[PDB]
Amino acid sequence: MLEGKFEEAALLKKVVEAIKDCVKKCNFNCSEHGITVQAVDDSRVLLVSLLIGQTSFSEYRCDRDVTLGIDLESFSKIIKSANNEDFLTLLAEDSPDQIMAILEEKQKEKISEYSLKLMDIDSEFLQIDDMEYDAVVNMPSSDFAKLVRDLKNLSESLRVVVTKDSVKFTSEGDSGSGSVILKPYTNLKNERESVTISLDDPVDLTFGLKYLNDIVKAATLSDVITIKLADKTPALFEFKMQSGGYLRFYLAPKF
């Protein structure tokens, strides 16, 4: 069974918005640990890995695992109705036919109750990869979102070059080229707006800006984006949720 109550709907609204476009449908796997999603986009290039840990809820009971196959388009029309501050409770029975979402307004006598019918993904999507990487970059999600959009105007490729001194993003098309170069630095007031680099080996990889443009919509889930790169390995783009959990994207470079 599933009974998960959020203090605030903001988190689940931001999650559904961040993935709904590159992912049309997916399985929400619920267990005592929390709720997870493993999915791939339609072109089978971009891997999405989500974890909403038990700790992100105020009340969470899932005494028996349940899988919920959910159309994210339909679920977004439901969840978008909620105020960020609303209580939000997800309910599903054992062997469920549907998911229920109940919204409760904080300082109002208003309760909204929604029910979405489930789909059978009828192919559990499995995924596991704790990995070793050549280089790891931590930088503000907002700056990385902005350079992706800005450099998409010039071409469909983003070259990424990491050394101990700097990270360099470049994009060249027929109009002209653009490079954005960041060096490690500390923001003393708010360490989350710092840039850090730790590497074994220098890295030089190219990614399709179409997919990076989808990834960076998750910038609403965390101030910080962790980028992990390896020489012939899918790069990790990680958004850690402060309440506990994460949203991750895996994207192969171009070869």
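Residue positions are given as counts along the sequence shown, with the first one as 1.
- Here 141 to 149 and 112 to 120 are compared by their mean Cα B-factor, and 112 to 120 comes out higher.
- The stretch 126 to 134 shows the higher mean C-alpha B-factor when 126 to 134 is compared against 84 to 92 in the entry.
- Comparing the C-alpha B-factors of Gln54, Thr226, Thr196, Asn27 in the entry, the top value falls on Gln54.
- Between the residues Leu212, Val45, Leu50, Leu221, the entry's highest C-alpha temperature factor is the one at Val45.
- Placement of the Cα temperature factor of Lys168 within the chain: lowest third of the modelled residues, per the deposited record.
- Among the modelled residues of the chain, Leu188 sits in the highest third by CA temperature factor in this PDB entry.
- Placement of the Cα temperature factor of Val37 within the chain: lowest third of the modelled residues, per the deposited record.
- When the modelled residues of the chain are ordered by C-alpha B-factor, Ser179 sits in the lowest third.
- When all modelled residues of the chain are sorted by CA temperature factor, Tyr250 is found within the lowest third.
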